[PDB]
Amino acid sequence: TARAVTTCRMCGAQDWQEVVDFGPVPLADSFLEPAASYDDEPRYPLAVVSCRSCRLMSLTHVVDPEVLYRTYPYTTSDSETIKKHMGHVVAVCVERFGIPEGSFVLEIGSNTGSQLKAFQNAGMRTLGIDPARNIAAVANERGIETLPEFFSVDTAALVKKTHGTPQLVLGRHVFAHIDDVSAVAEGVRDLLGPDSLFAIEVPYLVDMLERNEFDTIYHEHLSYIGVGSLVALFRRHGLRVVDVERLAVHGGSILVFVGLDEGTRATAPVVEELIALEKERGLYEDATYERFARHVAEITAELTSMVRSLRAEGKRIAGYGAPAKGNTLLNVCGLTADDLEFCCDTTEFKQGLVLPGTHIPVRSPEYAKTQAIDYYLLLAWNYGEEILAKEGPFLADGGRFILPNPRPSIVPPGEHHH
């Protein structure tokens, strides 16, 4: 079973409002072999709450990280969107903060090592930390040194002893996956020198709310983060937020830079600005989260009826992509193999398997091209630009996409915009 949350991860208070509850839901990255029955498929409570002190949004429960990550199926995206963005991460970290060549970059949640490879090509030393043993072994084989463990205070000490003081510690879409964020901040403080930086990239709570990105809620994502809550945490561990860049990736994200409170790095005015913008946008008020809750109910209702109405007219519908978030979407909406006949996915591992809960088949893009699909529900919507750019033939044949946010809509639109 999953361990229930008591006190807030960031600020340590215990006062939260309920925002939305999806009940028991299977794990989003637990894909299954095709079978006759799925009676013993595990399901865990999926519900979110909002801490009134610092306004961290969090799940009510914490699924065991040993269960989630020790055999992880998701390798870092090989898309042009992520290749480009990884290059941009290097550029921002190096040029904005003046990190010299030959400097040491440690990455938490380094996965296959693609992001570290980009730092190596820019002239840096690297080391990765990732508990996914299968994925860690690939990174190591490829020449990118990765410790096959979770980040911790003692792993941080091992790194300092064996590899030294890093100029940069990086965590991309891992910080919201960790329960004991307090221990992460502590290991970071010990690791950082006076001008070292800790950088985390996470989905931005502001974008999540304004765009109704409820499908990004799943068990791996324990936290849903705004800048305010991060300041509340780092305050308590001798750390200080010095810079933030807003990013279009993964539905709107923030790349946050953190240094030692008594260190070289001055605080940029942008930090105060975003904290003021979060207040200004109603993040510290109960109404905003009840508004989010009904938006979700409306979108869920509208998405299901849109799909079932089209099917009733004799239209064929499939899913485009089989991302983790897609599985939250389809389970909450209650869609099945009768509504979507398959989900196409470029991930070889996922091909020939079946989605969690809904049990919809995952097929290859080359199979998908043989089938006369009328509509694709765009589950991998965070790659919307790249996907639409290469689906000209489908679109020219009268094919259409259904996008789930900010509001459900049909691509192509009825008119050109401009």
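Numbers for residues come from their place in the sequence shown, where the first is 1.
The stretch with the higher mean CA B factor, choosing between 391-399 and 17-25, is 17-25. Mean CA B-factor, 47-55 versus 382-390: the higher value falls on 47-55.
You'll see in the entry that, of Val94, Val270, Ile108, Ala139, the Cα B factor peaks at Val270. Remark: of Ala322, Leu170, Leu127, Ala276, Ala276 shows the highest value [criterion: C-alpha B-factor in the PDB entry]. Split the chain's modelled residues into thirds by C-alpha temperature factor. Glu290 is in the highest one. Residue-level temperature factors show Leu377 in the lowest third of its chain, judged at the C-alpha atom. In this PDB entry, the Cα temperature factor of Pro166 sits in the bottom third of its chain's modelled residues, the lowest group. When all modelled residues of the chain are sorted by CA temperature factor, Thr146 is found within the lowest third. Sort the modelled residues of the chain by CA B factor and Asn121 lands in the lowest third.
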